[PDB]
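Visitor: For the record, the sequence lines run as chains X and B. No gaps in the numbering here: position 71 of the first sequence is 71 in the numbering used here, and each next residue is one more. Quick note, the numbering used here runs 96 ahead of the 1-based positions in the second sequence.
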Amino acid sequence: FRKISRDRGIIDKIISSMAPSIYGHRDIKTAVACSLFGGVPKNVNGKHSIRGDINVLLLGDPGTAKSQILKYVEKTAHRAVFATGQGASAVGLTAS
Amino acid sequence: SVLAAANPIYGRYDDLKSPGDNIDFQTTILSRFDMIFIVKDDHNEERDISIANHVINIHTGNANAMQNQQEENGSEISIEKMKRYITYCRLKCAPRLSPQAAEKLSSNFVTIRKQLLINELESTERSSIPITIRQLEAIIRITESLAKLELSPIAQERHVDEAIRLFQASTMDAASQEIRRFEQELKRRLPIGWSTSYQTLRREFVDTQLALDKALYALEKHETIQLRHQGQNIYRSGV
Ligand SMILES: Nc1ncnc2c1ncn2[C@@H]1O[C@H](COP(=O)(O)OP(=O)(O)NP(=O)(O)O)[C@@H](O)[C@H]1O
Ligand SMILES: [Mg+2]
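#1: Taking only beta-carbon positions, decide if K47 (chain X) is within less than 8 Å of chain B.
#2: Which residues does DSSP pair with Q322 (chain B) in a beta bridge?
#3: What residues sit near ligand 2, counting only those whose C-beta is closer than 6 Å to one of its heavy atoms, in chain order?
#4: To the nearest angstrom, report how far apart residue 38 (chain B) and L323 (chain B) are at their CA atoms.
#5: Taking C-alpha atoms, which residue in B:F263, B:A271, B:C185 lies nearest to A234 (chain B)?
#6: If you measure from the beta carbon of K71 (chain X) to each beta carbon in chain B, is any gap under 8 Å?
#7: Cβ closer than 7 Å: which chain X residues qualify as neighbours of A102 (chain B)?
#8: Can you tell me which of the three DSSP states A251 (chain B) falls into?
#9: Is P191 (chain B) near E240 (chain B), with beta carbons less than 8 Å apart?
#10: Under 8 Å, Cβ to Cβ, is there at least one residue of chain X near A197 (chain B)?
#11: Where does the unbroken alpha helix (DSSP H) through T84 (chain X) begin, and where does it stop?
#12: Do you know how far the Cα of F129 (chain B) is from the Cα of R209 (chain B)?
#13: Which residue wins for smallest C-alpha separation from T228 (chain B), given the options B:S97, B:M131, B:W290?
#14: Tell me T292 (chain B)'s beta-bridge partners as DSSP assigns them.
#15: Helix, strand or coil, according to DSSP, for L245 (chain B) in the structure here?
#16: CB of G85 (chain X) to nearest heavy atom of ligand 1: below 7 Å?
#17: So within the segment 13-75 of chain X, which uninterrupted alpha helix (DSSP H) runs reach at least 4 residues, ignoring any that extend past its ends?
#18: Give the straight-line distance between the Cα atoms of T220 (chain B) and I119 (chain B), rounded to the nearest whole angstrom.
#19: Between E279 (chain B) and ligand 3, is there a pair consisting of the residue's CB and a ligand heavy atom that are separated by less than 7 Å?
#20: Do we get a CB-CB distance below 8 Å when we pair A234 (chain B) with the residues of chain X?
#21: With 16 as the cutoff for other CB atoms within 10 Å, does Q165 (chain B) come out buried or exposed?
#22: Which residues bound the alpha helix (DSSP H) around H150 (chain B)?
#23: Please check the pair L212 (chain B) and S194 (chain B), which I expect to be a contact at CB under 8 Å, by giving their CB distance rounded to whole angstroms.
#24: Indicate, with yes or no, if ligand 1 has a heavy atom lying under 7 Å from the CB of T228 (chain B).
#25: What did DSSP end up calling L193 (chain B) once you bin it into helix, strand or coil?
#26: Can you check whether the C-beta of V91 (chain X) is within less than 8 Å of a C-beta belonging to chain B?
#27: Are the segment 29-36 of chain X and the segment 7-16 of chain X touching by the rule of at least three beta carbon pairs closer than 8 Å?
Here it is, written out as structure tokens:
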């Protein structure tokens, strides 16, 4: 990891490596990469806590690999959960 | 105490829509809030630049040192000391109103009630944001709390001024929110760069009658008119 991190193109090689069997959509691959690495969560003297996670919406037409991208991210992330549409209730998403 | 946070219907406030369409809550539950703030993104560029510099100073970690300097300078106090101080104020003091404070509050109540009445007439419907005798007690509680900060055993004129100001800044501001013939008459009869003294316009329009002040509010929001000279001179400033 330390070796490959030195590469000048490493951000682009990571982004190209996101969902490699999906053609194009480099913007989606970038958004997914940013989300999957995430920001830094912060807490200002304990008096104000700030989100580090990056939330992403894939809005668009049918047959454009959006569901496949999400299944890939379920494959790749160290803790992941997947819940389609009508299959998710309010308490089934947060807590019950 | 109930502190509640909510979004309007349509999420963003949707300013050109009626408040009775934007607000989900019934007038019953709304009346139980001493202060209702309607919060809007102003989109002013100077403000947005200022907020951006501030938020960057947060995320860079500069703010960790800034708050500590502010606390040691005595311009701010910490969570812990403020928590104890709220407890101390809640246990030591419970002030009354002086007679002068009581009269100012009473006359203020009839004043805001009159404002709500005329607004309900001008919009020909009962207002969603209400002003009720329960909301007089809201200004009373706020007055007392303001005196309760300094542990003054009575509230005074100054505390009532601040309580009235806060209620005006919050609940009234929430409540605050054929003419097409008269506006083009005024555009025809007052050309660019000249002044009509207001009372003569009132006499002329009456001689043709409340459409006048709607026309002035619309034309004053636009660049076309400017209410110069203590509102006495209607000045066709713009187009
Ligand atoms: N750029 C692409 N490269 C490879 N396969 C693709 C591409 N775009 C779509 N597909 C294929 O299209 C099929 C459907 O993908 P899917 O992820 O369900 O699309 P979607 O964006 O979710 N459409 P929808 O579910 O109707 O909103 C999959 O079998 C993908 O392999
Ligand atoms: Mg899909």
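A virtual CB, placed ideally from N, CA and C, is assigned to each residue, including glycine.
Guide: The answer reads as follows:
#1: Position 47 of the first sequence holds residue 47 (chain X). Judged by the 8 Å Cβ criterion, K47 (chain X) is in contact with chain B.
#2: Counting from 1 along the second sequence, the entry for residue 322 (chain B) is found at position 226. DSSP output for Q322 (chain B) lists B:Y331 as bridge partner(s).
#3: X:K66, X:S67
#4: Chain B is shown only over 97 to 335; residue 38 (chain B) falls outside these bounds and no answer can be derived.
#5: Stepping through the second sequence from its first residue, residue 234 (chain B) is reached at position 138. The candidate whose alpha carbon is nearest that of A234 (chain B) is B:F263.
#6: The residue you call residue 71 (chain X) lines up with position 71 of the first sequence. Cβ-Cβ to chain B under 8 Å: no for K71 (chain X).
#7: Position 6 of the second sequence holds residue 102 (chain B). Within chain X, no residue comes near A102 (chain B); the closest Cβ sits about 18 Å away, beyond 7 Å.
#8: Within the second sequence, residue 251 (chain B) is the residue found at index 155, counting from 1. In the structure shown, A251 (chain B) sits in a strand (DSSP, three-state: E or B).
#9: The count along the second sequence starts at 1 and reaches residue 191 (chain B) at position 95. The count along the second sequence starts at 1 and reaches residue 240 (chain B) at position 144. It is a contact, given that the beta carbons lie within the stated cut-off.
#10: On the second sequence, position 101 is the one that residue 197 (chain B) refers to. Cβ-Cβ to chain X under 8 Å: no for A197 (chain B).
#11: Here residue 84 (chain X) corresponds to residue number 84 of the first sequence, with the count starting at 1. No alpha helix (DSSP H) holds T84 (chain X); DSSP gives it neither H nor E.
#12: Here residue 209 (chain B) refers to the residue found at position 113 when the second sequence is read from its first residue. Here residue 129 (chain B) refers to the residue found at position 33 when the second sequence is read from its first residue. Rounded to the nearest angstrom, the two C-alpha atoms are 17 Å apart.
#13: Sequence index remark: in the second sequence, residue 228 (chain B) carries index 132 (1-based). Among B:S97, B:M131, B:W290, the Cα nearest to that of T228 (chain B) belongs to B:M131.
#14: Reading the second sequence from its first residue, position 196 is the one you call residue 292 (chain B). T292 (chain B) is bridged to B:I330.
#15: Taking the second sequence and counting its residues from 1, one reaches residue 245 (chain B) at position 149. Three-state result, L245 (chain B): helix.
#16: Here residue 85 (chain X) refers to the residue found at position 85 when the first sequence is read from its first residue. For ligand 1, not one heavy atom lies less than 7 Å from the Cβ of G85 (chain X).
#17: 26-37
#18: Residue mapping note: residue 220 (chain B) aligns to position 124 of the second sequence, counting from 1. Residue mapping note: residue 119 (chain B) aligns to position 23 of the second sequence, counting from 1. Taking the straight line joining both Cα atoms gives about 18 Å.
#19: In the structure shown, ligand 3 is absent; the only ligands present are ligand 1 and ligand 2.
#20: What you label residue 234 (chain B) is simply residue 138 of the second sequence in a count that begins at 1. No, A234 (chain B) does not count as interfacial toward chain X.
#21: Within the second sequence, the letter at position 69 stands for residue 165 (chain B). It counts as exposed.
#22: Walking along the second sequence from the start, residue 150 (chain B) turns up at place 54. Segment 141-155, the alpha helix (DSSP H) holding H150 (chain B).
#23: Numbered from its first residue, the second sequence carries residue 212 (chain B) at position 116. Numbered from its first residue, the second sequence carries residue 194 (chain B) at position 98. Going by Cβ atoms, the distance from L212 (chain B) to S194 (chain B) rounds to 27 Å, so no, they are not a contact pair.
#24: Walking along the second sequence from the start, residue 228 (chain B) turns up at place 132. No, the Cβ of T228 (chain B) stays beyond 7 Å of every heavy atom of ligand 1.
#25: Locating residue 193 (chain B) in the second sequence gives position 97, counting from the first residue. The answer is strand: DSSP assigns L193 (chain B) an E or B state.
#26: Translated into the one-based positions of the first sequence, residue 91 (chain X) becomes position 91. Answer no: the Cβ-Cβ gap between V91 (chain X) and chain B never drops below 8 Å.
#27: yes
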